[PDB]
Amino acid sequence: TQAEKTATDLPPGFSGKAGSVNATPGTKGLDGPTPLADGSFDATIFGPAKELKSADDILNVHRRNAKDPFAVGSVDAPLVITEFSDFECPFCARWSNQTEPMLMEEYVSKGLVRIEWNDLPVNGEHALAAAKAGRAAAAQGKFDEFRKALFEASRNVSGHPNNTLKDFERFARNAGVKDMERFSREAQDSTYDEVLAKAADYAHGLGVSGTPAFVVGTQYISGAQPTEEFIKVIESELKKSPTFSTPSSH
């Protein structure tokens, strides 16, 4: 027949990008995290939106907190990816270097997906120090840039980079962190000790057993799986839940 047909539903295995093409992008929180009173950002943010008591509560892991400097993408994006990660972990590096850029260009920059970082140090003293440096960067609104710079420096490393203070200071400089006195102080002192302990306890309480780990909407993914697998799950979740509406009672 001499017509172009409107797309109709297909089995999910062959649905391609039907999910994202029919989803409604978020329009709020496009200018990054909301600042604190003094202009800096709340780098003590961690944890879920609300306690999880059963599998029914899986969406509670997604904060959708507009003040969150550990998040990228619209606060009302129809899909959130919650990530648990370690800055010394080569699988975390691989996901950051090889999967996340595609997700950023295809989904996050289009308002469809929000990605929220959660600390889960599994690799000991260098991982803890890196997480502290990450929070120091987030306090100055440069977490994503710090994350990207650190992991790019690990793009050819199959083991742990064993980054130390001068490495973190370099990543911070490259990320455009403006107050290096504050960064170097907070990256080393007790400022974030408590929140990092609590963040680890939270992740362990979920039973997250290794890094990276993801909650993609309602779906759990363990490890740096192929990029194509992340895309399939993203599309499936967007097909299922194309829109998000912030509750009026919040």
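We number the residues from 1 along the sequence you see.
Mean C-alpha B-factor comparison - 173-181 and 124-132, higher one: For C-alpha atoms only, the mean B-factor is higher in 173-181.
Which of the two stretches, 24-32 or 214-222, shows the higher mean Cα temperature factor in the record? Comparing 24-32 with 214-222, the higher mean C-alpha B-factor belongs to 24-32.
Residue, from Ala66, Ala37, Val61, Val195, that the PDB entry assigns the highest Cα B-factor: Comparing C-alpha B-factors across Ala66, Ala37, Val61, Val195, the maximum falls on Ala37.
Report the third (lowest, middle or highest) to which the CA temperature factor of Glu105 belongs, ranking only the modelled residues of the same chain. For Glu105, the deposited C-alpha B-factor lands in the highest third.
When the deposited Cα B-factors of this chain's modelled residues are ordered and cut into thirds, is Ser85 in the lowest, the middle or the highest one? CA B-factor rank for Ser85: lowest third.
Sort the modelled residues of this chain by their C-alpha B factor and say whether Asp189 lands in the lowest, middle or highest third. Answer is highest: the recorded C-alpha B-factor places it there.
Among the chain's modelled residues, which third holds the C-alpha B-factor of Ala43? CA B-factor rank for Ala43: lowest third.
If you rank the chain by CA B-factor, which third does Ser158 end up in: lowest, middle or highest? Its C-alpha B-factor belongs to the lowest third of this chain's values.
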